[PDB]
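Below is one structure, written out as structure tokens; comments come after it.
Protein chains: 2
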Amino acid sequence: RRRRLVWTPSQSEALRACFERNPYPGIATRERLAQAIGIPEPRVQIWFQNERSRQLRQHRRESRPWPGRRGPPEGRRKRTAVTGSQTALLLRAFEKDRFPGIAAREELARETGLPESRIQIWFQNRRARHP
Amino acid sequence: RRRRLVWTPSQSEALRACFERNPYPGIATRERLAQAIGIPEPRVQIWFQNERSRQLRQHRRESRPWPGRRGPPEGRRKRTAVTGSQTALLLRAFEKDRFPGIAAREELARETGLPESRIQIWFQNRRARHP
DNA sequence: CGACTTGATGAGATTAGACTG
DNA sequence: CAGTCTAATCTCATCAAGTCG
DNA sequence: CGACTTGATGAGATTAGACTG
DNA sequence: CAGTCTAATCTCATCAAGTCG
Ligand SMILES: [Br-]
Numbered sequence: 020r021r022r023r024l025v026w027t028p029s030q031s032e033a034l035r036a037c038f039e040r041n042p043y044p045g046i047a048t049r050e051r052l053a054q055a056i057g058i059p060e061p062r063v064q065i066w067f068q069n070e071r072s073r074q075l076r077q078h079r080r081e082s083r084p085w086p087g088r089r090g091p092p093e094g095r096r097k098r099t100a101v102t103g104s105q106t107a108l109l110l111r112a113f114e115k116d117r118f119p120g121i122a123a124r125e126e127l128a129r130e131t132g133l134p135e136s137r138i139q140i141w142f143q144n145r146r147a148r149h150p
Numbered sequence: 020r021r022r023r024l025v026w027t028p029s030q031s032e033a034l035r036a037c038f039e040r041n042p043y044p045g046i047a048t049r050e051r052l053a054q055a056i057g058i059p060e061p062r063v064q065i066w067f068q069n070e071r072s073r074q075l076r077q078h079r080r081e082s083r084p085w086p087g088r089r090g091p092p093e094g095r096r097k098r099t100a101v102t103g104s105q106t107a108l109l110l111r112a113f114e115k116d117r118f119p120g121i122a123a124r125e126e127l128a129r130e131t132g133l134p135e136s137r138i139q140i141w142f143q144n145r146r147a148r149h150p
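If you're matching them up, the sequences are chains A and B in order. With the deposited numbering as the guide, the letters of the first sequence map in order to residues 20 to 150. With the deposited numbering as the guide, the letters of the second sequence map in order to residues 20 to 150.
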């Protein structure tokens with residue numbers, strides 16, 4: 020294959036500069052840049068491709084639609100204590116059916132005083148950890 | 020099983036509204052919304068889950084790191100015409116080696132008056148189209 | 001005309017060589 | 001040394017000129 | 001103390017019901 | 001009708017409290 024080039028500091032700076040003017044340059048701009056900084060234009064296009072590539076992937080990763088968040092997370096749910104009597108009953112259900120529908124689910128709530136919400140999270144976690 | 024909810028226009032408005040206040044509400048805020056608009060809080064959390072999902076995938080898709088170009092794209096390269104004598108010679112090379120390295124490539128350049136730049140694209144496109 | 005052909009671009013994986021901490 | 005960087009090479013898909021009956 | 005246990009969250013595929021164009 | 005939308009269900013990964021000798 021071909022012999023990897025090495026950019027001088029002022030070569031890199033010039034590229035970096037033009038990339039912020041527009042990152043989709045036509046052959047004119049590229050050709051002018053190639054002469055100005057002293058390197059063949061095909062090399063310059065391939066640098067523009069990979070800078071685009073790099074910046075696009077790094078943005079998909081880290082950027083978000085909404086204006087970040089200034090401060091600390093809001094209050095999480097305080098950890099329910101599930102009683103030995105509750106636990107026992109939930110297990111019995113889990114041994115028979117591991118995917119209760121809302122009918123069986125809302126039934127296990129009445130029997131344990133837990134909210135159906137938490138019944139579901141219990142079976143979710145239970146499945147993840149005892150296949 | 021389940022049972023699909025249907026949001027009233029002002030329910031949706033209310034959700035949409037709070038989602039712009041902060042999209043990661045703690046259980047506290049969620050509960051206040053549930054009572055204010057009259058539907059159990061577990062449903063509100065799942066709507067927030069899916070709105071997040073949607074806006075995040077829609078942003079990964081469409082948004083970009085750099086300020087969009089105001090106007091039209093700069094000029095691409097004018098299509099090189101390659102003579103039958105050039106083509107013929109390139110074909111000869113392609114039948115022997117479909118992956119010339121830079122040495123053979125810069126050699127086909129000398130022989131055709133084409134730039135190695137374009138030789139590379141030629142073998143690229145040729146392979147895509149004649150396996 | 002459209003169909004077919006074939007340079008030119010883009011994106012997005014991939015590799016391998018230099019260089020660190 | 002792995003971990004990081006990034007020029008260099010692919011394929012794939014497609015746009016945009018080109019040549020056909 | 002840490003190891004081990006286990007509620008609680010998020011992301012991000014997946015699925016299916018309602019409804020269009 | 002498929003195509004769109006999106007409420008509802010998953011695994012998976014992980015943060016954050018809890019029970020232990
Ligand atoms: Br190699």
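By construction, the Cβ of each residue, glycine as well, lies at the ideal position given by its N, Cα and C atoms.
Checklist entry - Closer than 8 Å, CB to CB, is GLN74/B near chain A or not? => result The residue given as residue 74/B occupies position 55 in the second sequence. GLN74/B counts as touching chain A.
Checklist entry - Are there 16 or more other CB atoms within 10 angstroms of the CB of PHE67/A, so buried, or fewer, so exposed? => result As a position in the first sequence, residue 67/A is number 48, starting the count at 1. By the neighbour-count rule (16 or more Cβ atoms within 10 Å), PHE67/A is buried.
Item to check | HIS78/B in three-state terms, based on DSSP | outcome: Here residue 78/B refers to the residue found at position 59 when the second sequence is read from its first residue. Reduced to three states, the DSSP call for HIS78/B is helix.
Item to check | Endpoints, the alpha helix (DSSP H) within which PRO119/A is located | outcome: The residue you call residue 119/A lines up with position 100 of the first sequence. Premise fails: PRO119/A is in no alpha helix (DSSP H) and is neither H nor E.
Next on the checklist: Less than 8 Å between the C-beta atoms of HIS78/A and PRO84/B, yes or no?
Outcome noted: Locating residue 78/A in the first sequence gives position 59, where the first residue counts as 1. Locating residue 84/B in the second sequence gives position 65, where the first residue counts as 1. Their beta carbons are under 8 Å apart, which means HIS78/A touches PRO84/B by this criterion.
Item to check | When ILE138/A, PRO134/A and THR102/A are compared against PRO119/A, the one with the closest alpha-carbon | outcome: For the purposes of this step, residue 119/A is taken as the residue at position 100 of the first sequence. Taking only the C-alpha atoms, the option nearest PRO119/A is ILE138/A.
Checklist entry - CA-CA distance, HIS149/A and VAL25/A? => result For the purposes of this step, residue 149/A is identified with residue 130 of the first sequence, where counting begins at 1. For the purposes of this step, residue 25/A is identified with residue 6 of the first sequence, where counting begins at 1. Approximately 55 Å between the Cα atoms of the pair.
Item to check | Within chain B, the residues that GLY45/A reaches when beta carbons sit closer than 9 Å | outcome: Reading the first sequence from its first residue, position 26 is the one you call residue 45/A. What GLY45/A touches in chain B: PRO92, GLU93, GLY94, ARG95 and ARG96.
Checklist entry - Under the three-state reduction of DSSP, which class applies to residue 156/A: helix, strand or coil? => result There is no way to answer for residue 156/A, as the model of chain A reaches only from 20 to 150.
Next on the checklist: Excluding the 5 residues flanking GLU93/B on each side, which residues of the same chain have their C-beta closer than 7 Å to its C-beta?
Outcome noted: Position 74 of the second sequence, counted from the start, is the residue given in the question as residue 93/B. Excluding positions up to five away in sequence, the list is empty.
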